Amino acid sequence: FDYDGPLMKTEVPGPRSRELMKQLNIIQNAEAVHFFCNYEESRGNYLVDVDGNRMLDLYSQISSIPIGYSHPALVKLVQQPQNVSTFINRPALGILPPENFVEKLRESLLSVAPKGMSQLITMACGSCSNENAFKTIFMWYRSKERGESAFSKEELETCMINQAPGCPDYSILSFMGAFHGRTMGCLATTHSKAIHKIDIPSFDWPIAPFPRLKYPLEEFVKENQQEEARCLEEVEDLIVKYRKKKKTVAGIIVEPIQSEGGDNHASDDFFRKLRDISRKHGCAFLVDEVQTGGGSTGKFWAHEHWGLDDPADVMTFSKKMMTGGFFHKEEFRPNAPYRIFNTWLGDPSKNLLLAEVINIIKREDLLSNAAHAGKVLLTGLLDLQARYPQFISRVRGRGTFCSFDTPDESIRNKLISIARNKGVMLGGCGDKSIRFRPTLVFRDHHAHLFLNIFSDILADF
């Protein structure tokens, strides 16, 4: 369900986008705006802008569109008279859930639960997903320390005024290069770009190095083992050190592939050993699959590649999943209500969409497709790397979750700008990487279409 290919009329942003950008800039800083879109005319992998340009979208709204624009199955959903209520009657889900709440969850999120995690709480975005995952971990850790006993009077009084022992000085360990969100808890575990962090108060929490692999992988096996081993050791040293500082690490958060920090990969071995280190020190292992989740790596959750029956304690998600939330082990279930809570806790209308999305992913075998189409894309990227080593390096990926580096930021930006005017939307990450986040209806021939367009771009560059 889509178009024959891209179709360009103007440079991007064109005159109509620039006019709208001017208008928007009156009421807010609109410098980040790429262009304005005609979503009504957008279909599948193709995004249409207000100047009528039709572009192959390989960025998919920062990796948040699961099965393409204007998907017919979703159109049908909105058209059904029985579904009107779900769009106009938003519940305070924590206290007054709709009749079909549990059954819709069975049809969607529960049908793709990670191994070992029977519990699920929903949230509206990745940031509150992670924030509440932190809180779940903090109260679990305190539960271990206090055992089956009541809150003390001192705890109940001091927590109201932001003081210990009611408010503990627990920490969450994160990695350099990580991105976990922008609210002030999330942000403390984020180490992506200075502009995300500067001028905002933070937490003194431990920050570990994330492995920086050397490419091609075939030539640096030993170097890369040594790099991962070094990082694992520093993780353990940090845990020990912060326990001594009386800032006990209650949890470790990591992405299976670091996105905003520059598509940084690491071996499955690294993550298995990281999981073990976490368990060994009594740390909750929190896997952030807000961006890797939803199938683009070839399996529904990227951590599935690790092949563990006990992959993690908590796993957050959002973006492609339409709603946010987190799965977790039964032992992390809050002991009392109103500790993990907010007004909306997601939105049943997003669950409605998600059930149909998961139905499409399964019926059309889109996990296999992502593996296959991703192989085609990565193969082509390796070929272009060979042919253009002065522009392309560190080609890397899993499924369609691929990326490469350019010599510098200006070349990176120029390549994105040229590709866009040629009908292909690409994302950047880090200071000089280009990344791919195609929707799940991205096929072989889209990979070939991109590769052939980019090939001629490089030839003329």
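In this text, the rigid core denotes the largest set of C-alpha atoms whose superposition between the two forms falls within 1.5 Å. When you see a residue number, it is the position in the sequence shown, counting from 1.
Asker: If you line up the core and then measure how far each C-alpha sits from this form in 5 other deposited structures of this protein, which stretch comes out higher, 147-155 or 189-197?
Answerer: Most displaced of the pair in 5 other deposited structures of this protein: 147-155.
Asker: Mean CA temperature factor from the deposited coordinates, higher in 5-13 or in 435-443?
Answerer: Higher mean C-alpha B-factor in the PDB entry: 5-13.
Asker: Please compare 346-354 with 238-246 and name the stretch with the higher mean C-alpha B-factor in the deposited structure.
Answerer: Averaging CA B-factors over each stretch, the winner is 238-246.
Asker: Based on what the PDB entry reports, which of 424, 67, 411, 33 has the top C-alpha B-factor?
Answerer: Highest C-alpha B-factor among the listed options: 411.
Asker: Can you tell me which of 255, 276, 103, 145 has the maximum CA B-factor listed in the PDB entry?
Answerer: That would be 276, according to the entry.
Asker: Split into thirds by Cα B-factor across the chain's modelled residues, where does residue 55 land: lowest, middle or highest?
Answerer: For residue 55, whose C-alpha B-factor we compare with every modelled residue in the chain, the answer is the lowest third.
Asker: Split into thirds by Cα B-factor across the chain's modelled residues, where does residue 402 land: lowest, middle or highest?
Answerer: It belongs to the highest third of the chain when residues are ordered by C-alpha B-factor.
Asker: Among the chain's modelled residues, which third holds the C-alpha B-factor of residue 99?
Answerer: Its C-alpha B-factor, which the entry lists for residue 99, ranks in the middle third among residues of this chain.
Asker: Lowest, middle or highest third: which one holds residue 319 when the chain's residues are ordered by CA B-factor from the entry?
Answerer: For residue 319, the deposited C-alpha B-factor lands in the lowest third.
Asker: Among the modelled residues of this chain, does the Cα B factor of residue 141 put it in the lowest, middle or highest third?
Answerer: Middle third - that is where residue 141 ends up once the chain's C-alpha B-factors are sorted.
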